[PDB]
Amino acid sequence: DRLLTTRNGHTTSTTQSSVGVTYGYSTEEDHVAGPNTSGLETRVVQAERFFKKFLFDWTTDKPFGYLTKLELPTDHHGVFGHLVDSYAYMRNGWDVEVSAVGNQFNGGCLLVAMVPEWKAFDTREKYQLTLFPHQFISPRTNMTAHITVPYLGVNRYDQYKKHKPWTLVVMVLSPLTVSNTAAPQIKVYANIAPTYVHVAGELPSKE
Amino acid sequence: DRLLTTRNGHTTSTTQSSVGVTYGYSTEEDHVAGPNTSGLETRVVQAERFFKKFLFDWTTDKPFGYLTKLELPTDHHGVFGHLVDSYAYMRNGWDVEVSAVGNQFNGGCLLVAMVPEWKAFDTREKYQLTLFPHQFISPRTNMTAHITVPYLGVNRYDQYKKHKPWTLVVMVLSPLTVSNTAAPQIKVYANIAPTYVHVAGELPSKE
Amino acid sequence: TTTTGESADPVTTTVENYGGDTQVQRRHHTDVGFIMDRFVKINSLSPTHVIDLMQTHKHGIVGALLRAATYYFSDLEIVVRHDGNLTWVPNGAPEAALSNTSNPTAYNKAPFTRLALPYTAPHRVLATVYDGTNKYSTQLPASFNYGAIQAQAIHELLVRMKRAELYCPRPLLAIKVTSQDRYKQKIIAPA
Amino acid sequence: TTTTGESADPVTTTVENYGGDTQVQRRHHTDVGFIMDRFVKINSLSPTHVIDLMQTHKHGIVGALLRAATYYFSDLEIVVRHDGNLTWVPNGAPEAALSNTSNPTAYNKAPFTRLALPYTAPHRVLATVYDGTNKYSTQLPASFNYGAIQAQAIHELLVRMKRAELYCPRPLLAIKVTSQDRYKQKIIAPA
Amino acid sequence: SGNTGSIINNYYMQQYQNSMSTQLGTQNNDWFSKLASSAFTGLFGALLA
Amino acid sequence: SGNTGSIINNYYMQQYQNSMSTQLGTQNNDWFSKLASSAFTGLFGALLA
Amino acid sequence: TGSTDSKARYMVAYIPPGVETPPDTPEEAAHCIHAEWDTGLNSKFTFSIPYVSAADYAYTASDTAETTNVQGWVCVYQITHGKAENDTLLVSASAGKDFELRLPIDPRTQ
């Protein structure tokens, strides 16, 4: 038994095939009350919960190097999304969970990583993606990958409408294998939660 | 000098003709963590600031009994308004400031009051409106009225889309008088701020 | 005494201002719990009746006083003159339950039935006026009641508020006066 | 919480799992002794009647609850509206004894007779269902009763379980639902 | 109480005679009594008696 | 008891008012109360709050 | 109830009252109080439907004039599955630690 139940606000998620949590670059957030926001920033705890996003269908024809990316923050229709339209500046980290459920008779391996300041990588650079916070998903071992990263960037606070510091990537490392007893394909989903959400600079109403 | 500067969040308001603050029915809020919300409610401090609303034009032809009402909560396009669309239940009190600026050469008197569970009043009942939390505005003395009231109602939390516990009323007690040296009419405005804002029951997104 | 009236701060002067002596007051009769504690009649009736204090007459001592409050709370006593047996059912019950004998049912005993009933609403307090935009899923929520009674025939119903609590006062009006000076009426006097 | 469900070990999660606060409960109304302690009527009657709690209606609060138990025990109270005098006889008595006045006999007194009777069966406990291949020397042993009453005419019979004890619970069913979502009915509301 | 004048203690228990109140925290939460007692009684200004 | 709310002690002796229970050995033989109290409330596995 | 080689990931959400119809998508329901779990060695998962309402008590019965359910809904979703076609998920209910029933009534037709 490798059971892990994660809780973010009034939302929880539990796996029975956990391989642990990978923390990237740091175990904690740096100072959220710096000189750039004077003392006007505030934390908004109601935005710290899980939202969902479909990533891609892991099929037998997708070869090594096949890669899907999700730039964060992404479109959000909950309180976090409202925060982006209501405040000039924000900062937060991410608690990311990615599930690829098929069955134990499937083979192959997916590399799930969190990359700061994304750039389209060469196929040669794809061999070094493990330099970034990551974890793997191989049907023989697990169905869930879990990574937790802090806020970062040249600026202590950001304007997400103009810049996206983090981007989740899932790359095929070894192609999916199927048999008569295996799942024919595996859909890959993300369960994401923003952490330590802080906002500054109240914006006017649209009226 | 009768100076009062009120602060609600990152918004402040100051008068130099204050006649004090009238507290209605109580000096504090009752318990916000009752059995009806289990322990799921949270306070949302970002909604505790001043929003504005025009009431009416106080003119010489409006007689005793003339009355304007504003049911609370009213249409709101800031964080408080979002809260109403995002949570099933809410509760909060009100910090109300009403300004009728003309000049010291005007005469007349306005009664500004906060009424719980509004009902259209007879003209005879209008003589007893002072039974409710109130204050007066008379040009010879002040330009601002200030009333602070707590949340109340048969239910500890409410559904503002179906019920409005408080309603601000401004009634002409003695008609406006003008002269050559006076302001010809007086526009009446409200500066309102919800207090101790609590929400419970996260609603799904519209998608 | 002169004061800043715009502030609305209470001011209570006394006859001492000009040389008088303020006297002793005994205010037992204006005590809320005491004054609301007497039977009042409900005029509209029917074989099946839902107990609602707002069916009380608006000018009777109890009904006038109750309406002069926004919120209230109380236990209750009822006197019912009825044919056959009387069944009571608590707030929230299916109207159909009124036909079943295992709900509190009083067997006919002349001349009427007096009963003590507890407050039974799902709210912490009830209201005499409710500003609902609707209140659904001059009308009051259906949950504002003290249950219901049923008998073959209900001839008379008296109701009594016990342990009454009143909150947030509202206008209370005397009779409209037509005369040039005072409302005059025939006061009792010996023959 | 995840668990091995096949074991059937009870699992009770709370709202604390996701940040809530479990509240205070007052369960007086679901107390067995309290809930069974109210009069229930027996519809079928006759000049000679053997008291059997299973003659209680299967959907009434008492009858539903009693049938939701396999074994039970209790003392009893009965209200009988009858013509002439009422004679009661304990469990095990010859039907003929009902005519004799030296057995507890209540002389007619309007409007009815209320009595307290003791449990009187030869068993330590009684049952609502009995899986007998026969049980002789959907039928219950004849010894499962609280005695019998007789009068010139028996018009009404109410029965009340005192000091009730219930053992080994059985299925209790709500009304069958036809609607697509909920069973809706007319709940009492003021006019 | 209010308008009950019997000397003898009740035959029925309180939990039957009345509903039972519960709390989360009959105290001095009498707003109007406070309001009335707070009323100004003096005399603003100087006096010549 | 259960649904008896009279303050005054009974006029009739207990051996008349009720049948008398006998024993061979009202105790805590409440199976379902034990069963319910024994219910698992925790959380199986590791937690990340 | 599935075989060892059948896997799945579920989600349960409590949709409080205030919306016209419940969401048929995990993405929309995510904003509510919810829990997600997957398949494994432990076959059972338990979730508490919280009591969140305006009044301190709620009626057990439902009035004919009620369109939308006064206390909201519960939605069970299937995030995904791997070879779990035709496999089952048994669902049962029990009273929680603070569940309470008051005011006895005899409502059935007799």
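Order as written gives the chain letters A, B, C, D, E, F and G; numbering starts at 1 within each chain.
FYI, contacts are C-beta pairs under 8 Å (C-beta built on N, C-alpha and C of every residue); 3 or more make two chains touch, one makes a residue touch a chain.
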**Prompt:** Taking mean CA positions as centres, which chain lies farthest from chain E?
**Reply:** A
**Complete:** Two candidates, A-D and B-D; the one with more touching C-beta pairs is B-D
**Fill in**
CA centroids of chain C and chain F: separation to the nearest Å works out as 41
**For chain D paired with chain G, centre-to-centre distance based on mean C-alpha positions, whole Å** = 34
**Request:** Could you tell me the distance, in whole angstrom, between the mean C-alpha positions of chain B and chain C?
**Result:** 30
**Complete:** Two or more other chains are touched by the chain C residues 9, 89, 91-94, 96, 100-102, 120, 123-124, 136, 142, 144, 169
**Message:** Give the residues of chain B touching no fewer than two other chains, as numbers and ranges.
**Reply:** 25, 34-35, 38, 40, 154-156, 161, 202, 205-207
**Item:** Per-residue overlap in chain G, given as positions that touch at least 2 other chains
**Value:** 27-28, 30-31, 33, 35, 37, 40-42, 45, 50-51, 55-56, 59, 61, 63, 66, 69, 97, 103, 105-106, 108-110
**Fill in**
In the complex, chain G touches chain D at residues 33, 35, 37, 40-48, 50-51, 59, 61-64, 66, 69, 94, 96-106, 108-110
**Prompt:** Along chain F, where are the residues that touch chain D in the complex?
**Reply:** 1-4, 17-19, 32, 35-36, 38-45
**Complete:** Per the touch rule above, chain C residues touching chain E in the complex are 1-3, 9-14, 17, 31-38, 75, 116, 118-120, 162-164, 169
**Fill in**
Listed in rising order, the residues of chain C that touch chain B in the complex are 4-9, 70-71, 123-127, 129-136, 138, 141, 144, 167-173, 176
**Message:** Quick check on the complex: what are the chain A residues that touch chain B?
**Reply:** 10, 40, 42, 44-46, 77-79, 82, 86, 199, 202, 205-207
